[PDB]
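Enquirer:
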Amino acid sequence: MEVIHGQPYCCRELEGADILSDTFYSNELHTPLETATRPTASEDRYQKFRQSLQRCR
Amino acid sequence: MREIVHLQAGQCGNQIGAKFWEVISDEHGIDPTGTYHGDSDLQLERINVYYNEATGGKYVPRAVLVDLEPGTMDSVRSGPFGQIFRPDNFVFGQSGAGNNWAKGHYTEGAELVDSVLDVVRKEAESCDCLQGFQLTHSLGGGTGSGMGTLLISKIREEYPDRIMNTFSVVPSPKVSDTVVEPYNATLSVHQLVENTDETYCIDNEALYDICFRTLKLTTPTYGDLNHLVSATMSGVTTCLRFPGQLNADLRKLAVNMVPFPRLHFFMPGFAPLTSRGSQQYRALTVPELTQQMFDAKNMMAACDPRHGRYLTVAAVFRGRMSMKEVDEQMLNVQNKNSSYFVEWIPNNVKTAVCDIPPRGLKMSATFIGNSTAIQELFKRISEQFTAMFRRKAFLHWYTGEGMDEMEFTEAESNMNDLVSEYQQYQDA
Amino acid sequence: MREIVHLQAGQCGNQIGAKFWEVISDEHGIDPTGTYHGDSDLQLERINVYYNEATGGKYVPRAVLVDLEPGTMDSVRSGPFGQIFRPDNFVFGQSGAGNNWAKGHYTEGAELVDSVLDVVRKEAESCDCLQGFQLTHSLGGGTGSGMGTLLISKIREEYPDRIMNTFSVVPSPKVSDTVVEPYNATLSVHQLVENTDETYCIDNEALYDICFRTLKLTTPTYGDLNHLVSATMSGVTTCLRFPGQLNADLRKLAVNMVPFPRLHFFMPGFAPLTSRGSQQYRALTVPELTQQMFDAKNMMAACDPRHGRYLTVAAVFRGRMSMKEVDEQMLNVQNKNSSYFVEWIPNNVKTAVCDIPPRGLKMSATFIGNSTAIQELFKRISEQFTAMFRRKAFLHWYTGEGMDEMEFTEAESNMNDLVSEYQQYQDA
Amino acid sequence: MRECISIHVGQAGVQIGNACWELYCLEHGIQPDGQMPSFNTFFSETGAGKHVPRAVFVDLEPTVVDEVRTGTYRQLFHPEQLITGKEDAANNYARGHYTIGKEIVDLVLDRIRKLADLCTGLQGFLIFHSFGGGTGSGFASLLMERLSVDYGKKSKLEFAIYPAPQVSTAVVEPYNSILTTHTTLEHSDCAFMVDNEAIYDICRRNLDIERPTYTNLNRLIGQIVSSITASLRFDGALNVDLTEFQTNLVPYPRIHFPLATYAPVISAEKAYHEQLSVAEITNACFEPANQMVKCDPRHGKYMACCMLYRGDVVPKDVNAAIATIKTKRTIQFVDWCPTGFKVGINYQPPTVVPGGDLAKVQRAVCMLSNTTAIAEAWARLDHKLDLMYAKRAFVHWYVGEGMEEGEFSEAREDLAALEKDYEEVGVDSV
Amino acid sequence: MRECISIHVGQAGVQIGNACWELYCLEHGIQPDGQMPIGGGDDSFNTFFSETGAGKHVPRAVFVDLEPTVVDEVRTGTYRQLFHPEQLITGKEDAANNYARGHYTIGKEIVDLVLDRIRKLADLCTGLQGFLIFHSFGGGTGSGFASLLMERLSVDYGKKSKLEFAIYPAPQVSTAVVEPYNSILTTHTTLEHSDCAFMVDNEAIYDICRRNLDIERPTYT
Amino acid sequence: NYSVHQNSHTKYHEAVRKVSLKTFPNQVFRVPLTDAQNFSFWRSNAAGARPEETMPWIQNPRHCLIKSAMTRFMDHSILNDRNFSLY
Ligand SMILES: Nc1nc2c(ncn2[C@@H]2O[C@H](COP(=O)(O)OP(=O)(O)OP(=O)(O)O)[C@@H](O)[C@H]2O)c(=O)[nH]1
Ligand SMILES: Nc1nc2c(ncn2[C@@H]2O[C@H](COP(=O)(O)OP(=O)(O)OP(=O)(O)O)[C@@H](O)[C@H]2O)c(=O)[nH]1
Ligand SMILES: Nc1nc2c(ncn2[C@@H]2O[C@H](COP(=O)(O)OP(=O)(O)O)[C@@H](O)[C@H]2O)c(=O)[nH]1
Ligand SMILES: Nc1nc2c(ncn2[C@@H]2O[C@H](COP(=O)(O)OP(=O)(O)O)[C@@H](O)[C@H]2O)c(=O)[nH]1
Ligand SMILES: [Mg+2]
Ligand SMILES: [Mg+2]
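Chains Y, C, X, E, F and U, in that order, give the protein sequences. Following the numbering used here, the numbering of the first sequence begins with 159 at its first residue and continues without gaps. Following the numbering used here, the numbering of the second sequence begins with 535 at its first residue and continues without gaps. Following the numbering used here, the numbering of the third sequence begins with 535 at its first residue and continues without gaps. Following the numbering used here, the numbering of the fourth sequence begins with 104 at its first residue and continues without gaps. Following the numbering used here, the numbering of the fifth sequence begins with 260 at its first residue and continues without gaps. Following the numbering used here, the numbering of the sixth sequence begins with 16 at its first residue and continues without gaps.
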């Protein structure tokens with residue numbers, strides 16, 4: 159369920175995968191000095207990012 | 535203005551280059567949806583180097599993703615930054631190669647190279663001014679080594695005055711990942727000592743050792759591994775996307791390094807790579823990055839520089855620094871280590887800076903080394919090829935579907951010419 | 535005050551007109567109940583071109599709707615935009631033509647010509663200043679193929695100076711919808727090369743190729759099939775209805791595209807065609823628009839332009855766009871495709887730019903092309919005709935309804951003359 | 104609007120009618136008693152709210168029409184529309200064509216005259232007869248000879264039950280088959296013909312049902328004739344009227360004998376396990392195992408083909424389905440017809456007959472094909488007569504009821520000329 | 260896209276396939292009828308199953324055996340609605356551990372139907388990579404008719420990977436007496452038309468499920 | 016299960032070929048009689064009975080492959096028209 163130009167659509171399936179893959183999982187130690195956790199660093203941040211963005215197929 | 539066409543061939547390229555777009559999307563402050571969200575305008579003037587304009591603040595990368603099977607292409611469409619790519623740039627066949635160079639170069643590749651070439655020339659013809667190409671692949675299989683060499687050979691005859699760079703992965707000494715690795719590697723290098731401008735050499739076990747010892751990582755994922763290659767490959771092309779006190783673009787880094795038209799096999803490195811607990815115990819200055827740039831553990835290839843000599847090195851520094859200390863640091867390095875640099879070249883060091891380091895660090899530097907100790911890796915591939923080829927190992931899967939053994943003999947002699955030339959240039 | 539009388543005979547004509555009047559009602563802001571609900575005054579000034587007067591603040595199209603069988607207009611009346619049609623143009627009979635050129639032109643269609651001529655004369659003398667007569671039909675059927683050409687012959691007598699545009703569906707080489715199709719198309723085009731002024735060849739498989747390779751539609755209904763022809767039909771006569779900075783009506787197209795009176799068969803095309811999912815990665819600008827108009831795969835007819843040489847070319851642009859790019863890339867496409875143009879005509883491109891776009895688009899264009907590669911279409915239809923006539927394969931459904939054997943020979947002789955005239959002018 | 108008058112003569116015709124009208128009053132929502140709780144093409148209207156079918160039932164016996172008159176259909180048909188004879192023809196062309204068949208043509212013709220003035224635009228006749236017996240052979244010819252002169256140049260298409268190459272339920276089968284074709288040549292337009300053995304092999308191969316009967320046999324033919332006249336009732340992308348079956352499938356005046364094929368013939372168990380795209384029912388149409396006429400198509404060459412598609416079908420993939428067939432080297436066509444095909448699209452999905460055996464599917468193809476390979480069936484049907492007419496078998500039942508001995512000889516040489524014309528037109532011109 | 264064709268031949272094919280097609284619908288959410296009951300997508304079953312318009316998932320497997328008595332329990336079991344019954348091909352008599360029977364006498368006619376179903380499965384195949392033939396070296400249908408299937412498919416489908424299975428006869432024991440004949444006869448004509456043949460021994464699994472998987476009196480499970 | 020074979024062998028084989036038996040061998044016998052019966056006995060085939068709700072220990076998130084829209088279109092093309100060759 160996304161809103162496009164103010165009017166709601168209904169989804170059946172969403173983009174990507176619900177889980178984070180392990181071939182696209184880099185630890186945060188490569189970018190230590192950052193201040194807002196990138197969604198490729200941990201699974202909770204990916205889950206909140208997937209909650210934030212919804213797109214049908 | 536200046537503009538690089540990107541290509542990703544095989545599973546290795548389709549993962550590593552995907553991680554590269556992951557790591558440079560955040561450098562230019564671009565969301566997965568592609569809408570620009572940067573806080574400074576400074577990261578916006580040179581977007582056109584790697585991205586393409588679309589309406590409403592959308593930016594779309596240029597990348598012709600090619601592999602003979604669709605599974606690894608659909609894996610990267612499922613990622614965090616997956617929808618940025620243009621779907622008509624996705625080129626994929628029906629059946630896989632089978633980790634054989636012959637099927638990736640003659641059987642299936644000849645029925646698919648026309649379309650990927652057409653998309654490549656579509657992206658290159660819509661260019662304000664063309665500078666060069668980019669390719670991520672490996673020298674082990676058939677869908678990354680049989681297709682990448684064919685693509686490079688096809689590109690070279692159309693744009694011969696531009697520079698093509700293949701960001702290749704070389705076979706590992708202790709443990710292999712494919713049984714027919716030397717057969718693929720020798721034929722791939724035979725097509726890479728003649729066509730492309732300069733390649734990079736990445737070993738898997740060198741990065742394994744780096745994340746085990748230097749990074750102190752207990753469980754290194756493949757993202758943890760590809761992020762190193764992404765950083766050391768994004769650090770080279772930073773002189774044409776951001777200002778600097780001494781900017782040195784790709785063709786600048788091309789004349790400075792290769793002295794003779796066959797000796798262009800390189801070795802990268804990344805300076806600031808520290809463990810989690812050693813952040814407070816290590817100061818961050820230019821000399822404490824030169825201690826890691828020239829470190830033998832930090833080299834991403836598995837040859838120790840102490841068994842050979844350097845011809846020229848490069849060091850694309852990034853950030854807050856003057857360059858008395860940069861230049862005097864490289865001066866000290868060339869002075870104290872004097873016997874390991876060649877005597878017939880007076881100044882062996884190339885330096886360049888920019889004042890935009892990579893995302894998440896203060897200061898960084900990307901080492902690049904053209905050492906004469908790389909001959910041992912080619913020597914290893916040569917006697918592995920000799921050991922398999924001396925009494926007809928796994929050959930009929932190549933011999934039965936397109937070429938005879940004269941091509942193998944010619945490629946082996948071409949490989950053995952290179953080590954002899956390296957030896958004759960090592961002792962002046 | 536420059537009006538067009540719209541005619542449609544046959545199932546093709548009825549359905550394509552049902553889509554066309556949807557497009558025109560969308561452009562001029564006509565509610566399907568008939569009321570006018572446009573927002574700007576620019577849609578009101580030239581509503582006279584396609585519409586007439588009603589009472590109560592409504593508008594009635596200037597279209598006659600005829601078919602010999604009462605089934606198709608039963609669906610058109612209950613269609614999506616069928617309530618705007620006036621009930622008095624619904625003229626018809628009670629029996630179908632049945633895919634015969636003899637049942638539409640000589641016996642069954644001959645007793646209905648007076649009834650449709652009544653309404654045609656009534657709507658033609660009611661205007662201020664007519665310009666032309668629109669006709670949509672099929673050359674492979676029996677109603678539109680036989681009766682439509684009879685209507686054309688009857689109209690060219692009474693109006694000799696008025697121009698004529700016909701939008702004809704053309705047979706297929708791969709598959710076929712009518713078994714007796716080579717016998718109707720040659721007889722229809724034999725009546726079309728000497729009476730009409732301006733003819734458009736529309737193929738159905740070219741539309742299938744567009745909907746499957748460009749539009750990327752997996753289940754294309756006939757509404758999406760006919761919307762392309764409807765868009766071309768609305769884009770040809772856009773300058774008569776809207777202000778433009780380079781005006782071009784139907785007669786300007788006729789003089790710029792017909793150098794010799796018997797060479798007036800065109801290949802239409804619609805510019806900004808793209809897939810639904812790949813819209814946001816498809817930044818539309820006049821370079822890529824004029825690139826898309828001139829491929830071989832964006833043509834409404836199956837005859838490939840790369841095997842022939844163009845004679846004259848028109849391209850009517852719609853929407854707010856500048857003129858430097860328009861003229862500059864017509865210069866570019868003329869000087870880069872000079873091997874596909876004729877040397878004896880210096881400038882081979884006709885351009886026109888209006889200031890109003892199609893509803894839902896913002897920079898659209900319509901490509902009209904007179905090319906000598908259309909000779910292969912008539913060549914294959916002459917081969918299909920001569921492979922059936924020499925055995926008298928299906929002849930007796932004609933000779934049993936007042937035909938001659940001295941009519942098929944004349945039809946194939948006119949076909950041969952048209953082919954030889956198209957071929958001769960290719961030598962320069 | 105569009106119209107169809109269907110005539111059901113003979114035992115086979117009336118029993119086929121009992122199933123096709125079974126289907127017809129389901130496709131439109133009208134009860135067995137003609138009540139309703141685009142239909143004008145096959146059903147009339149009565150001011151109180153009934154629809155009365157536009158068909159006549161005629162048989163020389165009462166024992167098949169009385170079960171219609173006393174069954175569940177007694178309030179649907181008009182009582183005078185069910186013409187009843189009193190003595191059968193007893194498998195004689197003579198009885199149905201000269202003696203007793205001549206007595207009740209004046210009532211059947213009267214009823215057709217009173218059925219043809221209530222319709223605004225009529226354009227066809229669907230005569231349901233069989234080549235076997237007497238009233239399906241003699242009375243059908245007697246009706247042809249009068250409909251060809253009392254109405255003019257209307258379409259006159261017949262559905263027949265052809266004799267199988269070995270299956271036959273009579274001994275005078277070649278005699279009755281050799282004389283009806285002396286009226287289905289100059290008075291006919293196109294003869295949609297099927298046999299009975301091929302449908303048996305379909306019902307045991309494609310359907311997993313043994314010991315089939317006539318009720319199961321007639322529902323497939325009912326589905327075939329509903330697919331034929333579907334475009335007159337429900338609209339679609341490419342409607343097909345009755346007037347261009349005749350001018351598409353008939354190249355030469357005497358060559359009008361196409362086969363029939365219903366593509367998705369599967370059980371209710373298999374329909375949910377197999378998806379049936381339009382690219383594979385089209386290939387099943389040309390499958391030799393799926394023929395409803397026992398004539399394997401690969402000895403001969405195809406002349407003209409007509410495809411009738413129903414339900415949720417789209418023109419693009421069917422276009423591609425024919426596009427892959429003309430490239431097949433096994434399905435071989437005739438040189439002088441480079442065109443070959445004919446398609447027609449209807450939007451209504453097929454409906455299952457109550458208590459039936461066909462599954463609830465969403466697409467259907469009905470394949471009508473003139474084929475050179477039907478000449479072998481005539482080549483054995485004349486061989487049967489030449490083995491029978493040598494010793495004058497069974498002739499005294501024919502010449503004893505208003506027939507000449509010399510008619511059999513002229514029938515034989517006419518059909519020999521028909522076979523010779525069939526061979527001559529199927530040659531490659533060079 | 261990527262998928263492979265399973266052919267289960269003989270008892271040692273079908274009794275392993277009963278484990279395989281239990282495990283496969285256990286890995287996914289595919290129910291025994293095949294009707295799987297918001298989030299992302301799932302297109303992982305395309306390697307073994309094919310989706311129809313009715314929502315039902317049919318496996319890409321053909322169950323062929325000359326004997327009727329050991330295939331027929333899958334028509335009576337749970338996976339009756341899973342399979343399409345035109346793949347469960349049964350004969351009337353077995354080969355009785357004759358290579359000559361299943362290779363020359365009885366099995367010579369069933370070939371035109373199993374290749375028919377193989378063509379049916381391959382026409383629905385988007386991208387075909389491999390085959391999965393589950394035969395044993397012991398009996399007649401697993402040795403005679405399997406080799407005939409391989410020699411038909413080598414000339415039918417050209418250069419596609421044909422990976423088979425083999426229950427290799429034991430050193431010190433055998434189920435039947437004529438097995439050393441049948442193994443040589445089934446490896447003489449398979450050595451040229453095959454690409455790879457997996458090798459599985461019986462009592463090696465018995466000692467594995469005696470020592471490691473410490474369960475006494477093991478059986479077919 | 017009585018209604019589909021009627022104590023007749025021929026009716027039993029017809030109902031086996033047509034799939035018409037209404038009872039699975041889990042309700043009648045509280046043990047697998049046939050050995051081949053044990054490869055289905057735990058599975059409850061009532062309507063939609065799952066091995067997740069009953070016995071909630073074998074749950075395992077699937078790292079499944081998502082076929083892209085481009086590959087879905089390619090599959091549909093190669094299935095429907097053999098003459099279409101995209102890329
Ligand atoms: N398909 C089908 N064929 C039938 C049916 N009933 C009879 N037949 C065919 O009709 C043939 C019997 O001869 P008919 O032509 O019906 O005899 P008749 O012309 O009606 O003459 P009478 O029996 O005296 O009424 C048989 O060979 C059958 O093939 C039926 O219900 N369905
Ligand atoms: N452990 C185990 N072995 C089996 C099973 N089914 C078959 N086998 C093996 O099959 C081998 C012999 O092959 P056969 O029993 O003759 O089977 P076949 O080769 O298909 O020949 P047929 O018996 O005629 O069907 C024996 O050595 C068994 O080990 C099973 O369910 N469990
Ligand atoms: N960094 C990285 N290396 C990989 C990945 N996948 C494979 N490799 C390396 O690539 C080498 C051979 O890859 P290969 O299987 O031949 O890929 P292909 O050429 O595309 O078929 C192996 O030594 C692997 O270590 C990956 O996802 N990331
Ligand atoms: N593109 C397109 N073609 C159509 C449509 N309807 C019918 N046709 C074509 O028109 C032909 C049918 O001939 P038609 O004119 O209907 O026969 P007639 O009405 O008896 O003259 C076939 O070849 C179809 O391909 C449509 O909506 N769109
Ligand atoms: Mg009868
Ligand atoms: Mg057995």
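From the three backbone atoms N, C-alpha and C, an ideal C-beta is built for every residue, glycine too.
Note down the Cα distance separating residue 689/C from residue 912/C, rounded to an integer number of angstroms.
Expert: 26 Å
Enquirer: Where does residue 792/X sit, in a helix, a strand or coil, going by DSSP?
Expert: coil
Enquirer: Counting only Cβ-Cβ distances shorter than 7 Å, please list the residues of the stretch 614-633 of chain C near chain X, keeping chain order.
Expert: The stretch 614-633 of chain C vs chain X, Cβ under 7 Å: 620, 621, 622.
Enquirer: Apart from the five residues just before and just after residue 863/C, which ones in its own chain have a Cβ nearer than 7 Å to its Cβ?
Expert: 820, 821, 824
Enquirer: Below 8 Å on C-beta distance, what does residue 370/E contact in chain U?
Expert: 33
Enquirer: Using a Cβ-Cβ cut-off of less than 8 Å, list which residues of the stretch 595-611 of chain C approach chain U; keep chain order.
Expert: 604, 605, 607, 608, 609, 611
Enquirer: Give a yes or no on whether the minimum CB-CB distance between residue 809/X and chain E is below 8 Å.
Expert: no
Enquirer: Since residue 699/C and residue 732/C should fall inside the 8 Å C-beta cutoff, what is the C-beta to C-beta distance between them, to a whole number of angstroms?
Expert: 6 Å
Enquirer: Determine, using beta-carbon pairs with one atom in the stretch 195-209 of chain E and one in the stretch 232-252 of chain E, whether at least three such pairs fall under 8 Å.
Expert: Judged by Cβ distances under 8 Å, the stretch 195-209 of chain E makes contact with the stretch 232-252 of chain E, as three or more pairs qualify.
Enquirer: Can at least three beta-carbon pairs, one atom from the stretch 631-639 of chain X and one from the stretch 580-598 of chain X, be found at a separation below 8 Å?
Expert: no
Enquirer: My parser needs the alpha helix (DSSP H) runs of 4 or more residues fully inside the stretch 778-837 of chain X; what are they?
Expert: Fully enclosed alpha helix (DSSP H) runs of no fewer than 4 residues occupy 784-791, 820-826 of the stretch 778-837 of chain X, in order along the chain.
Enquirer: Per DSSP, residue 670/C forms a beta bridge with which residues?
Expert: Per the DSSP secondary-structure output, residue 670/C pairs in a beta bridge with 542/C, 701/C.
Enquirer: Among 884/X, 828/X, 692/X, which one has its Cα closest to the Cα of residue 846/X?
Expert: 884/X
Enquirer: From 618/X, 681/X, 841/X, pick the residue whose C-alpha is nearest to that of residue 649/X; which is it?
Expert: Of the candidates 618/X, 681/X, 841/X, the one whose C-alpha sits nearest the C-alpha of residue 649/X is 681/X.
Enquirer: How would you list, in chain order, the residues of chain X whose beta-carbon sits under 8 Å from the beta-carbon of residue 88/U?
Expert: 750, 752
Enquirer: Would residue 166/E and residue 106/E qualify as a contact pair, given that the criterion is a beta-carbon distance under 8 Å?
Expert: no
Enquirer: So is residue 311/F in contact with chain A if we call contact Cβ pairs under 8 Å?
Expert: Absent from the structure is chain A; the protein chains it does hold are Y, C, X, E, F and U.
Enquirer: Against chain F, does residue 98/U count as a neighbour if the rule is that its beta carbon must be under 8 Å from one of theirs?
Expert: Not a single CB atom of chain F sits nearer than 8 Å to the CB of residue 98/U.
Enquirer: With distances taken Cα to Cα, identify the nearest neighbour of residue 730/C among 877/C, 702/C, 567/C.
Expert: 702/C
Enquirer: Please classify residue 742/C: does DSSP put it in a helix, a strand, or coil?
Expert: Of the three classes helix, strand and coil, the one that applies to residue 742/C here is helix, per DSSP.
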